[PDB]
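In what follows, a structure is listed as structure tokens, so that the remarks can point back to it.
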Amino acid sequence: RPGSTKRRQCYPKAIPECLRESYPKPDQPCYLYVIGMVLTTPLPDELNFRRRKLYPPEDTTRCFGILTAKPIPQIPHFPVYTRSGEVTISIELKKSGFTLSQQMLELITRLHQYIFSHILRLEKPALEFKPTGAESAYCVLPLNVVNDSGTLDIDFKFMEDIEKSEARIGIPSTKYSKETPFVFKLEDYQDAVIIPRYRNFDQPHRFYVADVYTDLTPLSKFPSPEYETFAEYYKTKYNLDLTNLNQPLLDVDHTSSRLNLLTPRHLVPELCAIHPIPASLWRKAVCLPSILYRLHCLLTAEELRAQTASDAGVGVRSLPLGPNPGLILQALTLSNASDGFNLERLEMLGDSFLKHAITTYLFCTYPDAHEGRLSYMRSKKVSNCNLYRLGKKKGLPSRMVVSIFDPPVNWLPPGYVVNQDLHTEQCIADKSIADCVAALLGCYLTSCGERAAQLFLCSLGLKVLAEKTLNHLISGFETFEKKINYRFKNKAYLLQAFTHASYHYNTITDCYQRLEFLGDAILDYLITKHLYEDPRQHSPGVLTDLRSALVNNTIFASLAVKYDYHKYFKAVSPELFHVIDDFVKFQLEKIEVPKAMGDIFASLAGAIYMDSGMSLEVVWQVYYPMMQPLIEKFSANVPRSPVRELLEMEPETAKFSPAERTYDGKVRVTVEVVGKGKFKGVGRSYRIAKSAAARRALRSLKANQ
RNA sequence: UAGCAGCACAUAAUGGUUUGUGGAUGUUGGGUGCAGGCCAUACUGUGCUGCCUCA
């Protein structure tokens, strides 16, 4: 069915408008952004398994910039988890409206290719570098501080120095002899990336210089147990005799192959070529895939924020408000993506508000439609099928984050195309598109409030926007008004709330059932909002359990008895009065629960809502003090089924019999607890019977402990 | 800068199970649809490893 988990569809991935076709043209105005990088949380030495020097990216004058033909909007700063620790990223406009020559742009584009293909090794046989034909068409370039002024600019000199360098295309062929011996220069290695010249010619392993040992030489002990000395190693493995046996040695670390950094995890110089790119900048280069991916994700979320501010009138189109893009990115992120956050909390809050908004809308729009009809219409509008259609129509599927980020497998680098797919497409379930709509509703509710959430629903396409007889029938309700600490402006709502359909003496209001319908959705929403806002910050699963336990007709009947509602209840059914009296007796001492007692509890919420001028707050002021002891009790001790509690205590030893239908239509169930006895329960249903059996067993087990 | 094999978690797939829920031929409740919680087979990713390439 449409809106089911069992139905899956493929969608193309959205690329933000500001990155699409964004290739700088010769002699045309362009934008230069700086990637600001600050080490905000250093990694503990215990997790730094080599105890290597942490490198704050900010300690170094060279960085990267983004060159684009289109402006990038402000996005929240975001963390990236490097081997140094948590680095906060800023994307800052440095220059706007400047021009580049064909030669300058070619130099940038060649270096940009060189980064993704040669440095990062993200060019694969399935990928082609076509910067003018690529959908995501921006260049990344080196920036440096000009003349120690602190001012960053395009380091054209460094790009040209890379182009003149023979070390760009492969390993330099410069062999040292006794006539031209190797001379070590310390300055050339302090921030170097090096390439060993004697091995792995197709895939030269690159290393950072981590340190320079001035106390160690080629005649010193080798790190592999296979060779005694560095000189012996190079002679034995590659037939290379060293010209300078007194040169210092380099302590080296591999260049990182891990390019997903969005979450926390928890040699002889003479035989090396210097790669023209410094190690500081190369450490920054390794972050580019995660940075550009995160940038892409946040830009997609901001595009959706700005679109919703246009379509719904909710927020401001450009910020100097609407939700933070990080919360939209949360509502777009499935738990499968593993990104440290997910939509599930926002979804549940959204669902509760959605019910309320539609219920209120239906109640007010259809003043003559009875409860069962409003309930039926409600059930169709809130369906996963309808919500999927709305989410598809809004173009959410292309914007969702579905899978775990993996640069070489599912990410297309800027200026590349796919040779005709995990790079360009994603497969999504119809239900997940429905769940995302509710999470977005929860995002707009939490950030912008209830009116803004209603306008958001309207933007999706959901339409969400006698007296003597009265005084006689309400006689004595002044004591009830005092008990609930609320006084009605219009006592007809109070009468309606306490009028059963059997109570034909009321000819001046309807029965309670319409106000019951309205009150049900109000109480669900208010309780859910309160549970979501709870300082304990309950998990998605626990929120579901608490919502289920608190939003219940049995609890509402129990409260209605505790707050004397049964004394004001207007009915003409002796049988209903007996069932109520038996339940009232059982509740006063601490058996069928009379539905009508929970229904009038909801109906009075509906009454107060209408009498207060649609004030949810006034309802909550009345109901919160009544419910608080239960909200505290269940939020302290998240509730359980007695059958589940028995199965948790006795998983292999507790076996339940089949349902035996007794002669009175009632179900009987036996639970056998191996070695501990057989306990029978009876009730009108298998669970009242199985729960009664499980409670008798649990009582016996707890008594024998 | 590589491959593989164990163990933790996330995750979709095919089966079952269980709570909720719906109009239904509804002879007095087993037909199907969508959600949660579990049990089983099987996939990927990250991580704790283990063996094993180059150094």
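All residue names refer to the structure tokens as shown: chains lettered A, B, ... in order, residues numbered from 1 in each chain, ligands numbered from 1 in order.
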Could you produce a table of the residues of chain A lying within 7 Å of chain B, with the nearest pair of atoms per residue and their separation in Å rounded to one decimal, using only C-alpha atoms (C1' of nucleotides), ordered by chain and increasing residue number, as JSON lines?
```
{"residue": "A:4", "atom": "CA", "partner": "B:34", "partner_atom": "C1'", "distance": 6.7}
{"residue": "A:205", "atom": "CA", "partner": "B:1", "partner_atom": "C1'", "distance": 5.2}
{"residue": "A:224", "atom": "CA", "partner": "B:55", "partner_atom": "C1'", "distance": 6.9}
{"residue": "A:254", "atom": "CA", "partner": "B:1", "partner_atom": "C1'", "distance": 6.6}
{"residue": "A:265", "atom": "CA", "partner": "B:47", "partner_atom": "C1'", "distance": 6.9}
{"residue": "A:336", "atom": "CA", "partner": "B:11", "partner_atom": "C1'", "distance": 4.7}
{"residue": "A:338", "atom": "CA", "partner": "B:10", "partner_atom": "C1'", "distance": 6.0}
{"residue": "A:404", "atom": "CA", "partner": "B:45", "partner_atom": "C1'", "distance": 6.5}
```
Next, the residues of the selection above should be written as a CSV table (one decimal), in the first residue's frame with N, CA, C and O atoms.
```csv
chain,number,residue,atom,x,y,z
A,4,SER,N,3.1,2.5,3.2
A,4,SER,CA,3.7,1.3,3.9
A,4,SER,C,5.2,1.2,3.9
A,4,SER,O,5.8,1.5,2.9
A,205,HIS,N,52.7,5.4,-1.1
A,205,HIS,CA,52.2,5.7,0.2
A,205,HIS,C,52.7,7.0,0.6
A,205,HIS,O,53.8,7.3,0.5
A,224,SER,N,61.0,-2.3,11.2
A,224,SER,CA,60.6,-3.7,10.9
A,224,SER,C,61.7,-4.7,11.5
A,224,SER,O,62.9,-4.5,11.2
A,254,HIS,N,51.0,7.7,8.3
A,254,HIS,CA,50.2,7.6,7.1
A,254,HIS,C,49.2,8.8,6.9
A,254,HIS,O,48.6,9.2,7.9
A,265,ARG,N,35.0,8.9,17.0
A,265,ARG,CA,35.3,7.4,16.9
A,265,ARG,C,34.8,6.6,18.1
A,265,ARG,O,34.5,5.4,18.0
A,336,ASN,N,18.9,5.3,10.4
A,336,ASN,CA,19.8,4.5,9.5
A,336,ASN,C,21.0,5.3,9.2
A,336,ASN,O,22.1,4.8,9.1
A,338,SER,N,22.8,7.1,10.9
A,338,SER,CA,23.7,7.0,12.1
A,338,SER,C,24.4,8.3,12.4
A,338,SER,O,25.5,8.3,13.0
A,404,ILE,N,24.4,5.9,5.7
A,404,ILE,CA,25.7,6.2,6.2
A,404,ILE,C,26.6,6.8,5.2
A,404,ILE,O,26.8,6.2,4.1
```
List every residue of range 311-553 of chain A that DSSP, applied to the backbone of this structure, places in strand (DSSP E), and write the result as a VMD selection string.
chain A and resid 416 to 418 425 to 429
Interatomic distance (Å, one decimal) between CA of residue 331 in chain A and CA of residue 631 in chain A
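Going from CA of residue 331 in chain A over to CA of residue 631 in chain A, I get 27.2 Å.
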Hey, can you check how far CA of residue 86 in chain A sits from CA of residue 539 in chain A?
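Here the two named atoms are 25.2 Å from each other.
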Check the DSSP output for the backbone and give back, as number ranges by chain, the residues of range 337-530 of chain A in helix (DSSP H, G or I).
A: 337, 344-365, 371-381, 384-393, 407-410, 430-460, 467-473, 477-483, 491-497, 513-530
Within 8 Å of residue 673 in chain A, counting only C-alpha atoms (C1' of nucleotides), which residues qualify if same-chain residues fewer than 5 places away don't, as a PyMOL selection string?
chain A and resi 650+653-655+678+697
Put those residues in a file: N, CA, C and O atoms, as a PDB file, in the first residue's frame.
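File produced: again.pdb:
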```pdb
ATOM      1  N   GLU A 650      10.680 -14.710  34.766  1.00  0.00           N
ATOM      2  CA  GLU A 650      10.579 -16.154  34.572  1.00  0.00           C
ATOM      3  C   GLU A 650      10.501 -16.502  33.059  1.00  0.00           C
ATOM      4  O   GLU A 650       9.504 -17.065  32.603  1.00  0.00           O
ATOM      5  N   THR A 653      10.521 -20.521  32.399  1.00  0.00           N
ATOM      6  CA  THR A 653       9.703 -21.270  33.358  1.00  0.00           C
ATOM      7  C   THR A 653       8.229 -20.878  33.319  1.00  0.00           C
ATOM      8  O   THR A 653       7.411 -21.719  33.665  1.00  0.00           O
ATOM      9  N   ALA A 654       7.854 -19.662  32.895  1.00  0.00           N
ATOM     10  CA  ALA A 654       6.454 -19.234  32.791  1.00  0.00           C
ATOM     11  C   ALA A 654       5.865 -19.513  31.398  1.00  0.00           C
ATOM     12  O   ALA A 654       6.225 -18.862  30.414  1.00  0.00           O
ATOM     13  N   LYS A 655       4.951 -20.482  31.311  1.00  0.00           N
ATOM     14  CA  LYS A 655       4.199 -20.816  30.092  1.00  0.00           C
ATOM     15  C   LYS A 655       2.709 -20.592  30.298  1.00  0.00           C
ATOM     16  O   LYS A 655       2.126 -21.068  31.269  1.00  0.00           O
ATOM     17  N   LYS A 678       0.688 -23.351  39.275  1.00  0.00           N
ATOM     18  CA  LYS A 678      -0.276 -22.956  38.235  1.00  0.00           C
ATOM     19  C   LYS A 678      -1.265 -21.933  38.765  1.00  0.00           C
ATOM     20  O   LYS A 678      -1.918 -22.171  39.781  1.00  0.00           O
ATOM     21  N   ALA A 697       0.306 -15.131  39.613  1.00  0.00           N
ATOM     22  CA  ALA A 697       1.647 -15.704  39.624  1.00  0.00           C
ATOM     23  C   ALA A 697       2.672 -14.739  40.245  1.00  0.00           C
ATOM     24  O   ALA A 697       3.322 -15.095  41.221  1.00  0.00           O
TER      25      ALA A 697
END
```
